[PDB]
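# Structural overview
One letter stands for each residue in the lines below.
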Amino acid sequence: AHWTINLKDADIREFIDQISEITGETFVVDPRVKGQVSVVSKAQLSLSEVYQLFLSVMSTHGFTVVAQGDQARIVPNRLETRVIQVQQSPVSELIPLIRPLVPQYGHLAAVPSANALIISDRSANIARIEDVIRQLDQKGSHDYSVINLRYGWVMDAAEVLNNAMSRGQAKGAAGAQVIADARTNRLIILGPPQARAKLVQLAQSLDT
Amino acid sequence: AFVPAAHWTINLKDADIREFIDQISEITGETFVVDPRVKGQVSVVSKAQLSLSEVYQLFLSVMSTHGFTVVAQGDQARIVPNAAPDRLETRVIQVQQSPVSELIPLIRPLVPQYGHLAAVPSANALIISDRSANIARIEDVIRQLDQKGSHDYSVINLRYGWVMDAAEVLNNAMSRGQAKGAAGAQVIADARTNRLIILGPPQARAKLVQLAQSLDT
Ligand SMILES: [Mg+2]
């Protein structure tokens, strides 16, 4: 009924065979399919959720799965694919907030039935995104503010704002959180109302 | 057909998707094998002139709109079904003053789940897929949003209130002069998630955010 997985530096063809053994689905794999994969889920996944993870891994490495009666065809169109369990926030709400941190070479997908996220990126950027998810995770909804920077640079702005909050220089902002969205040079500011409203003012003061 | 404008324009209405694929092959020189299951009627429109690479982006948006994708199968490119109303138009909307990426989160609440929305940053254009009457309505929203100097925004997830009521009260109060301090700010309802998107200059936006919180008490 449920499965976990810990596959490290395995041929993508082994991962396909392991999905066939788990799900019972048989695949006809195009000769051009190739690559090394690392796939991890410490969370228990249902048969349907294992299939969603399979699609995310295929998409991560540039492969499409096409219906073909009974069997399905795998065809072309180091990264680890990890399943991250979210405890309190709805996963579909966190997706847009985490997408900025995922590079264009990566993958990000929701698994709403397990309240989990699937991410593909280098192992070190996943661990950094895991900490962001852990800080975001909460029962209440995330109201937020977006600031499109005109003069400053978001990775610098995010570091200054984080440093000021950690050192006690951002009085009133304690508890607020900032997510840098480097693709569009914008900041996403979260947190409880008073703290969030103050961090928006500090961020705005920085882009003058 | 694609009409020279090397740039082109296009205004294809109610054509077989297979005709649209053949036209893309004639312009791009790319040869495709179309899986027997690929079917449908398409309307594709660009009054803006598109380069060769932008015509290819429009092609991908049309394929994705109708549930198709391009794969490599047996030494050739194959268009296949990937894992909605009968009449969908795919229109390119050029944006004049604002960077297109900044308008995308403000117009996404208006694109339904069957639709499509993609950026074409090299032409500063948006590709939208929807019913022709719905696209015209979104084109007016883009024209109004594009005249604004800032596209910074605040999001409020309403826990108690109904989204459409809150938006109407806030708009009425701003139009009647009752939202002191928030004049100049604007509201976009996002029903799918029962949330408000508040825009405007910083202080007015900060005041409309406070006013919006009083309606969800
Ligand atoms: Mg095999």
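Residues numbered from 1 in each chain as written, not as in the entry; some residues may be left out. Chains lettered and ligands numbered in written order. Heavy atoms only, no water. Residues with missing side-chain atoms left out of burial classes, pairs and counts.

As stated in the entry header, the method of structure determination is X-ray crystallography and the reported resolution is 2.03 Å.

Identification of chain B as General secretion pathway protein D from Pseudomonas aeruginosa is taken from the PDB entry. The title attached to this entry in the PDB is "Crystal structure of the N-terminal domain of the secretin XcpQ from Pseudomonas aeruginosa".

Chain A is annotated in the PDB entry as General secretion pathway protein D from Pseudomonas aeruginosa.

Turning our eyes to something else, we now look at the overall build of chain B. Looking only at helices and strands, chain B has 6 helices and 12 strands in total. Counting only C-alpha atoms, chain B reaches 65 × 35 × 30 Å along its principal axes. (Helix = DSSP H or I, 4+ residues; strand = E, 2+ residues; numbered from the N terminus.)

A few words on the packing of aromatic side chains. Residues and elements named next belong to chain B. Enumeration according to the criterion identifies 7 aromatic pairs over all chains in this entry. Centre to centre, the rings of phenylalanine 2 and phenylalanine 20 are 6.5 Å apart; their planes meet at 45°, and the pair counts as tilted. Using a relative accessible area of 7% as the deciding quantity, one classes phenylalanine 2 as buried. Here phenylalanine 20 falls in the buried class, since its relative accessible area comes to 0%. Here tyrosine 56 and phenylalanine 59 contribute two aromatic rings whose centre-to-centre distance is 5.4 Å and whose plane-to-plane angle is 50°, an arrangement assigned as tilted. Residue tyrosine 56 and its partner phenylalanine 59 are located together in helix α2 (residues 52-65), separated by 3 residues, close to a single helical turn. (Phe/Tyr/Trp six-rings, centres within 6.5 Å; stacked < 30°, edge-to-face > 60°. Buried < 20%, exposed > 50% of the residue type's maximum accessible area, 1.4 Å probe, protein only.)

What follows covers the sheet that holds strand β1 (residues 2-4) of chain B. All names here are of chain B. What the 6 strands build is an open sheet, ordered β1-β2-β4-β7-β9-β8; its pairing is mixed. Two strands in the sheet have a free side with no partner beyond their single neighbour: β1 and β8 (116-120). Taking each pair of neighbouring strands and ignoring which way they run, the sheet shows an average axis angle of 15°. Sheet topology note: the β8/strand β9 (residues 125-130) ladder contains 5 bridges and is antiparallel. By the bridge assignment for β9, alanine 119 is matched with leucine 126. The sheet contacts of helix α1 (residues 17-28) involve β1, β2 (8-16) and β4 (41-50), and relative to β2 the element is tilted by about 155°. (Pairing = 2+ DSSP bridges. Axes fitted to C-alpha atoms, helices over the stretch in contact; angles between N-to-C directions. Contact = heavy atoms within 4.5 Å.)

Turning our eyes to something else, we now look at the interface of chain B and chain A. Contacts between the two partners involve 25 residues from chain B, matched on the other side by 21 residues from chain A. Its largest share of buried area at the contact with chain A, chain B owes to B:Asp152, B:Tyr153 and B:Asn157, together 26% of the area lost on that side. At the surface where chain B touches chain A, the tally comes to 1 salt bridge. We note a salt bridge from A:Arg150 to B:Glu102, for which the minimum N-O separation is 3.0 Å. Every element with two or more residues in the side of chain B that touches chain A is listed here: β5 (68-72), β6 (77-81), α3 (100-107), β10 (153-157) and α6 (202-215) of chain B. It is β10(B) that provides the largest number of residues to the side of chain B that touches chain A, a total of 5 residues. Of the residues assigned to the side of chain B that touches chain A, the class counts are 10 nonpolar, 10 polar and 5 charged. By the bridge criterion, 3 bridges tie strand β9 (residues 144-148) of chain A to β10(B) in an arrangement that is antiparallel. Within the sheet, the bridge partner assigned to A:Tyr144 lies in β10(B) and is B:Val155. (Buried area = accessible area lost by both parts, 1.4 Å probe. Salt bridge = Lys/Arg side-chain N within 4 Å of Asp/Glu carboxyl O. Nonpolar A, V, L, I, M, F, W, Y, C, P; charged D, E, K, R; others polar.)

All names here are of chain A. Taken together, the side chains of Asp11, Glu14, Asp17 and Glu21 present a region of like negative charge at the surface. Among the elements that take part in the negative patch, helix α1 (residues 12-23) stands out by supplying 3 residues, more than any other. Mapped onto the elements, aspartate 17 comes out in helix α1. (Patch = residues over 30% accessible without salt bridge, like charges linked within 9 Å, V, L, I, M, F, W, Y side chains within 5 Å. Areas by Shrake-Rupley, 256 points an atom, 1.4 Å probe, with all protein chains shown as cover. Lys, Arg positive; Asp, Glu negative; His and termini not counted. Charge placed at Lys NZ, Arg CZ, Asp CG, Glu CD.)

This part takes up the pairing of strand β7 (residues 89-94) of chain B. Residues and elements named next belong to chain B. Burial runs high along β7: 5 of the 6 residues are buried. Strand direction decides the pairing type here: β4 and β7, joined by 4 bridges, are parallel. Note that in β7 the partner of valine 45 across the bridge is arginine 91. In this sheet, β9 lies alongside β7 in antiparallel orientation, the contact comprising 6 bridges. Bridge pairing links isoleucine 93 to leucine 126 in β9.

Interface extent is often summarised as the accessible area lost during association of the parts. All names here are of chain A. Its domain assignment divides chain A into domain 1 (1-138) and domain 2 (140-208). Contacts between domain 1 and domain 2 engage 14 residues on the former and 12 residues on the latter. Only α3 (91-98) and α4 (123-136) provide two or more residues apiece to the side of domain 1 that touches domain 2. Looking at the side of domain 1 that touches domain 2, its residues break down into 8 nonpolar, 4 polar and 2 charged. (Domains from an automatic or database assignment.)

A word on the nonpolar core. Of all hydrophobic cores here, the largest spans 41 residues; its most connected members are A:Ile98, A:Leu117, B:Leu126, B:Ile128 and B:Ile142. Discounting chain neighbours no more than four positions away, the residues touching A:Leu117 are A:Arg82, A:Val83, A:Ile84, A:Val86, A:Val91, A:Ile95, A:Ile98, A:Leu108, A:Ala109 and A:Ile133. Ranked by size, the runner-up nonpolar core spans 28 residues in total, among them B:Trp8, B:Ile10, B:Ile21 and B:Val44. (Core = buried A, V, L, I, M, F, W, Y, C linked by side-chain atoms within 4.5 Å.)

All names here are of chain A. With 6 of its 6 residues buried, strand β8 (residues 116-121) lies for the most part within the structure. Across 6 bridges, the pairing between strand β6 (residues 80-85) and β8 is antiparallel. Across the sheet, the residue bridging to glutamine 85 is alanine 116, located in β8. Where strand β7 (residues 107-111) lies against β8, 5 bridges are found, and the strand directions are antiparallel. Paired with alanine 109 across the two strands is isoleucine 118, which belongs to β8. Counted between consecutive antiparallel strands, the loop separating β7 from β8 contains 4 residues, among which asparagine 115 sits at a positive phi close to 50°.

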